Number of protein chains: 2
Amino acid sequence: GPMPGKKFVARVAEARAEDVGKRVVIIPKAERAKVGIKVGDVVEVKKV
Amino acid sequence: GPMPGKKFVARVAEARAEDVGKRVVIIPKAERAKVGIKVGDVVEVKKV
C-alpha cells in the first residue's frame, strides 16, 4: 500500500439509513467541541 | 469557536444502522485507495 500521511478532503455529514455499510469516521460530540466541527464543515482526513 | 487546524484521532469503521443520526465523514472507495485506508485503520481528522 501507500506510505502513511496522505490525506483527502471531505465534509462532515449526518449519517442516514442509506449510509449503512459505508466506511466512515464517527465524530463524537466531545471531539466536535474540541476541534470546532459542525455538520457541513470541511475536514481533512489523514492516514496515520 | 476554536481556531481551525485542530485534530483528533479515530478509527475507520463500517457504518451500521445504529449509527443513523451520528456525525460522520464518509470515505468513498476511490479515496480509500488513494490514501491507503482499510476499515480499522487509525486516521487523524483536522478541521480546515
# chains A, B, ... in the order shown; residues from 1 in each chain; ligands from 1
>>> select_by_dssp(residues="chain A", states="strand (DSSP E)", output="ChimeraX atom specification")
/A:7-11,13-14,23-26,42-47
>>> select_by_dssp(residues="chain A", states="helix (DSSP H, G or I)", output="number ranges by chain")
A: 17-19, 29-35
>>> write_last_selection(atoms="N, CA and C atoms", output="mmCIF file, in the first residue's frame")
data_model
loop_
_atom_site.group_PDB
_atom_site.id
_atom_site.type_symbol
_atom_site.label_atom_id
_atom_site.label_comp_id
_atom_site.auth_asym_id
_atom_site.auth_seq_id
_atom_site.Cartn_x
_atom_site.Cartn_y
_atom_site.Cartn_z
ATOM 1 N N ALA A 17 -29.838 6.203 6.920
ATOM 2 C CA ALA A 17 -30.000 4.771 6.703
ATOM 3 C C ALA A 17 -29.305 4.305 5.428
ATOM 4 N N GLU A 18 -29.258 5.154 4.399
ATOM 5 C CA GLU A 18 -28.624 4.781 3.141
ATOM 6 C C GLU A 18 -27.111 4.667 3.257
ATOM 7 N N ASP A 19 -26.534 5.091 4.377
ATOM 8 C CA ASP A 19 -25.096 5.005 4.590
ATOM 9 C C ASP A 19 -24.653 3.704 5.253
ATOM 10 N N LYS A 29 -19.582 13.846 20.017
ATOM 11 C CA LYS A 29 -19.885 15.233 20.362
ATOM 12 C C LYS A 29 -18.716 15.915 21.065
ATOM 13 N N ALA A 30 -18.036 15.201 21.968
ATOM 14 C CA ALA A 30 -16.924 15.807 22.697
ATOM 15 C C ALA A 30 -15.802 16.224 21.751
ATOM 16 N N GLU A 31 -15.469 15.368 20.779
ATOM 17 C CA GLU A 31 -14.434 15.715 19.810
ATOM 18 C C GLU A 31 -14.869 16.875 18.929
ATOM 19 N N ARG A 32 -16.156 16.917 18.549
ATOM 20 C CA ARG A 32 -16.645 18.046 17.761
ATOM 21 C C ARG A 32 -16.477 19.347 18.521
ATOM 22 N N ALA A 33 -16.711 19.319 19.838
ATOM 23 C CA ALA A 33 -16.496 20.513 20.645
ATOM 24 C C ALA A 33 -15.023 20.881 20.690
ATOM 25 N N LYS A 34 -14.154 19.889 20.861
ATOM 26 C CA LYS A 34 -12.731 20.179 20.966
ATOM 27 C C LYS A 34 -12.180 20.806 19.685
ATOM 28 N N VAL A 35 -12.536 20.260 18.520
ATOM 29 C CA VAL A 35 -11.947 20.738 17.270
ATOM 30 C C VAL A 35 -12.818 21.761 16.555
#
>>> residues_around(residues="residue 43 in chain B", least_positions_apart="2", cutoff="6 Å", atoms="only C-alpha atoms", output="CSV table (one decimal) with N, CA and C atoms, in the first residue's frame")
chain,number,residue,atom,x,y,z
A,46,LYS,N,-6.4,12.2,7.4
A,46,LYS,CA,-5.1,11.7,7.1
A,46,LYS,C,-4.9,10.3,7.6
A,47,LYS,N,-4.3,9.4,6.8
A,47,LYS,CA,-4.0,8.0,7.3
A,47,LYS,C,-2.7,8.1,8.1
A,48,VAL,N,-2.8,7.6,9.3
A,48,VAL,CA,-1.6,7.6,10.2
A,48,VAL,C,-0.7,6.5,9.9
B,9,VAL,N,-8.0,11.9,16.7
B,9,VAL,CA,-7.6,10.6,16.2
B,9,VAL,C,-8.8,9.7,16.3
B,10,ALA,N,-9.1,8.9,15.3
B,10,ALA,CA,-10.2,8.0,15.3
B,10,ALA,C,-9.9,6.8,14.4
B,11,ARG,N,-10.8,5.8,14.4
B,11,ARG,CA,-10.6,4.6,13.6
B,11,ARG,C,-11.7,4.6,12.6
>>> residues_around(residues="residue 41 in chain B", least_positions_apart="3", cutoff="7 Å", atoms="only C-alpha atoms", output="PyMOL selection string")
chain B and resi 11-12+37-38
>>> residues_around(residues="residue 45 in chain B", least_positions_apart="4", cutoff="6 Å", atoms="only C-alpha atoms", output="PyMOL selection string")
(chain A and resi 44-45) or (chain B and resi 7-8)
>>> write_last_selection(atoms="N, CA and C atoms", output="mmCIF file, in the first residue's frame")
data_model
loop_
_atom_site.group_PDB
_atom_site.id
_atom_site.type_symbol
_atom_site.label_atom_id
_atom_site.label_comp_id
_atom_site.auth_asym_id
_atom_site.auth_seq_id
_atom_site.Cartn_x
_atom_site.Cartn_y
_atom_site.Cartn_z
ATOM 1 N N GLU A 44 -10.042 17.522 6.829
ATOM 2 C CA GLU A 44 -9.014 16.775 6.124
ATOM 3 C C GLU A 44 -8.740 15.513 6.929
ATOM 4 N N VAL A 45 -8.802 14.368 6.267
ATOM 5 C CA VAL A 45 -8.585 13.068 6.882
ATOM 6 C C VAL A 45 -7.234 12.559 6.418
ATOM 7 N N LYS B 7 -7.178 18.822 15.619
ATOM 8 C CA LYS B 7 -7.380 17.456 15.154
ATOM 9 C C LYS B 7 -7.739 16.467 16.262
ATOM 10 N N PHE B 8 -8.296 15.375 15.829
ATOM 11 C CA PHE B 8 -8.464 14.254 16.729
ATOM 12 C C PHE B 8 -8.209 12.968 15.965
#
>>> residues_around(residues="residue 24 in chain A", least_positions_apart="2", cutoff="8 Å", atoms="only C-alpha atoms", output="list in words")
residues 22 and 26 of chain A; 12, 13, 14, 15, 24, 25, 26 and 27 of chain B
>>> write_last_selection(atoms="C-alpha atoms", output="PDB file, in the first residue's frame")
ATOM      1  CA  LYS A  22     -20.157   2.602   4.041  1.00  0.00           C
ATOM      2  CA  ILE A  26     -17.692   8.704  13.512  1.00  0.00           C
TER       3      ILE A  26
ATOM      4  CA  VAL B  12     -12.341   3.994  10.286  1.00  0.00           C
ATOM      5  CA  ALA B  13     -15.485   1.931  10.893  1.00  0.00           C
ATOM      6  CA  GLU B  14     -18.237   0.288   8.882  1.00  0.00           C
ATOM      7  CA  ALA B  15     -21.428   2.281   9.386  1.00  0.00           C
ATOM      8  CA  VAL B  24     -19.603  11.127  10.212  1.00  0.00           C
ATOM      9  CA  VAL B  25     -17.084  11.546   7.458  1.00  0.00           C
ATOM     10  CA  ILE B  26     -17.917   9.136   4.638  1.00  0.00           C
ATOM     11  CA  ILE B  27     -14.813   7.823   2.889  1.00  0.00           C
TER      12      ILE B  27
END
>>> atom_distance(atom1="CA of residue 1 in chain A", atom2="CA of residue 23 in chain B")
28.4 Å
